[PDB]
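Here's the structure, in structure tokens; my notes come after.
Reconstructed Cβ throughout: ideal geometry from the backbone, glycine too, with neighbour counts over all protein chains shown. What is reported rests on the model, the rules as stated and the sources as named; these are not laboratory values.
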Amino acid sequence: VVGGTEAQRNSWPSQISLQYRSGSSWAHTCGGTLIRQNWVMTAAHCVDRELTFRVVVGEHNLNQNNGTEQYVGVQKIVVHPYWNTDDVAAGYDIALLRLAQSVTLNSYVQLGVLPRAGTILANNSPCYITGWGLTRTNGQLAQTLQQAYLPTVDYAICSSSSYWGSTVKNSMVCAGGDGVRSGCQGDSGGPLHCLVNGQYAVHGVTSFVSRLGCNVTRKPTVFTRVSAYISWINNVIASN
Ligand SMILES: [Ca+2]
């Protein structure tokens, strides 16, 4: 997250860290949201590769013990059937992970609330992005969970030529674009929490930013629109 602030430990308890085995260590690669006790939602491009993955719930500081973590393996990865590793702009940047065990819910560890199917936000709706991804373009990961206020940019404005053009589809949410605050590599797969009727619901999955750089004026961070996938989500979860 570029231009963020540290989150309080218990602000965003649906946030997870998606980590892969790197020698004999585990490094952060992506975020994700806990959607059931044994199901994580993340981006398809995070799990494109042949790596060994783990999920950390209850994480606040990547580098230090919090006293709250639960560490769990990934049993099955289900990527969306239309996802094409060579075209992120085509969309379907969404993957569901069945974990090796159920996690225990507590104040650090809660499920993420998902929008009702078809839901579209108004322009300039209040949302926060969270993640441990790079805090500058070509910079480094954060140690502690950062948040940024990142208001929405509706489709008519986001698919306008000054913004994203035809690169963004109606199956995506756009948020931010102020040049100062954004998502960045390592935030991918993570939540966009948006305030709706007094409750924060996860409306996005962080997908892509500009090749020019993470915080680019009029290149808002782009999200997979969670409300476009609600039937797919539930169909996966019933059947696995
Ligand atoms: Ca920790």
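Would you mention how many residues in the stretch 1-55 are among the acidic types (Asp, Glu) and touching a residue at least 40 places away in the same chain (Cβ under 8 Å)?
Residues flagged as among the acidic types (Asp, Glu) and touching a residue at least 40 places away in the same chain (Cβ under 8 Å) within the stretch 1-55 amount to 1.
If residue 109 satisfies every condition in (1) surrounded by 15 or more Cβ atoms within 10 Å (Cβ to Cβ); (2) more than 16 Å from the ligand (Cβ to nearest atom) but one, which is the exception?
If we test residue 109 against (1) surrounded by 15 or more Cβ atoms within 10 Å (Cβ to Cβ); (2) more than 16 Å from the ligand (Cβ to nearest atom), just (2) comes out false.
Restricting the search to the stretch 35-70, which residues are assigned to a strand (DSSP E or B), within 16 Å of the ligand (Cβ to nearest atom) and within 18 Å of residue 112 (Cα to Cα)?
Result: 55, 56, 57, 70.
Return yes or no: is residue 201 of a type in the set (A, V, I, L, M) and either closer than 17 Å to residue 120 by Cβ or part of a strand (DSSP E or B) (or both)?
Answer is yes for this residue.
(1) surrounded by fewer than 16 Cβ atoms within 10 Å (Cβ to Cβ); (2) over 23 Å from residue 167 (Cβ atoms): which one isn't true of residue 48, the others all being true?
(2)
Which of the residues that make up the stretch 100-143 are more than 17 Å from residue 60 (Cβ to Cβ), among the polar types (S, T, N, Q) and not assigned by CATH to the domain that holds residue 66?
Scanning the stretch 100-143 gives 119, 123, 124, 125, 137, 138, 140.
Could you figure out which of (1) crowded, with 19+ Cβ neighbours inside 10 Å; (2) within 15 Å of the ligand (Cβ to nearest atom) isn't true of residue 9?
So the condition that residue 9 fails would be (1).
What's the total number of residues in the stretch 71-104 that are in a loop (DSSP other than H, G, I, E, B) and within 16 Å of the ligand (Cβ to nearest atom)?
Counting residues in the stretch 71-104 that are in a loop (DSSP other than H, G, I, E, B) and within 16 Å of the ligand (Cβ to nearest atom) gives 1.
For the stretch 50-57, check the following and say yes or no: at least one residue is over 21 Å from residue 107 (Cα atoms) and among the acidic types (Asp, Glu).
The answer is yes, given that some residue of the stretch 50-57 is over 21 Å from residue 107 (Cα atoms) and among the acidic types (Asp, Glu).
So residue 233 clears everything in (1) out of contact with any strand residue (DSSP E or B) (no Cβ under 8 Å at 6 or more places or on another chain); (2) assigned by CATH to the domain that holds residue 32 except one condition, right? Which one?
Answer for residue 233: the failing condition is (1).
For residues in the stretch 206-225 being closer than 18 Å to residue 124 by Cα and of a type in the set (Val, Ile, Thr), which is surrounded by the most Cβ atoms within 10 Å (Cβ to Cβ)?
By that ranking, first place goes to 206.
Given the stretch 113-182, what strands (runs of 3 or more DSSP E) lie entirely inside it while holding 1 or more residues that are touching a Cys at 6+ places or on another chain (Cβ under 6 Å)?
127-131, 172-175
Out of 54, 116, 21, which single residue is within 19 Å of residue 237 (Cβ to Cβ) and surrounded by fewer than 20 Cβ atoms within 10 Å (Cβ to Cβ)? Reasoning before the result, please.
Details: 54 fails: within 19 Å of residue 237 (Cβ to Cβ); 21 fails: within 19 Å of residue 237 (Cβ to Cβ).
So the residue among 54, 116, 21 that is within 19 Å of residue 237 (Cβ to Cβ) and surrounded by fewer than 20 Cβ atoms within 10 Å (Cβ to Cβ) is 116.
Filter the stretch 213-228 down to the residues that are assigned to a loop (DSSP other than H, G, I, E, B) and either closer than 19 Å to residue 157 by Cβ or not assigned by CATH to the domain that holds residue 181 (or both) and list them by number. So that I can check it myself, show each step before the final result.
First, the residues of the stretch 213-228 that are assigned to a loop (DSSP other than H, G, I, E, B): 213-220.
Once the filter is applied, which keeps residues that are assigned to a loop (DSSP other than H, G, I, E, B) and either closer than 19 Å to residue 157 by Cβ or not assigned by CATH to the domain that holds residue 181 (or both), the stretch 213-228 yields 215, 216, 217, 218, 219, 220.
Give the stretch 60-87 a look and list any residue that's touching a residue at least 60 places away in the same chain (Cβ under 8 Å) and touching a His at 6+ places or on another chain (Cβ under 9 Å), or say none.
Matches in the stretch 60-87: 62 only.
Can you name the condition, by its number, that residue 196 falls short on among (1) closer than 28 Å to residue 62 by Cβ; (2) out of contact with any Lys or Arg (no Cβ under 8 Å at 6 or more places or on another chain); (3) aliphatic (A, V, I, L, M)?
(1)
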